[PDB]
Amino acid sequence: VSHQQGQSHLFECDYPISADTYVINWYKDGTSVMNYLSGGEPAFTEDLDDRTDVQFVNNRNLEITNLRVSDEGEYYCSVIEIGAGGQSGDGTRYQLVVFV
């Protein structure tokens, strides 16, 4: 995915969630930039901390409304299901390129 700074991007988590209770994290270059427990609220961390232009969309997807060059990197979601037969996995990885 390639964009100019100031554009927006929505990153899609394409991992199936069937459990009633589950956790979602968004990762940037292998570091968690957001965590969420089902029924709770998103907590943005590391590079996405203090960012007013980031949103957790439909309790799943990651929106960066005001892309910076520093937002460049690899992004993916990780899901952990809680309970019997609970599964765990990663969504598709996306390489974000941002130009001036």
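Start at 1 with the first residue shown and count on from there.
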property	result
47 to 55 set against 24 to 32, stretch whose average Cα temperature factor tops the other in the entry	47 to 55
Residue 70, C-alpha B-factor rank within chain (lowest, middle or highest third)	highest
Third of chain Cα B-factors occupied by residue 85	highest
Residue 17, C-alpha B-factor rank within chain (lowest, middle or highest third)	middle
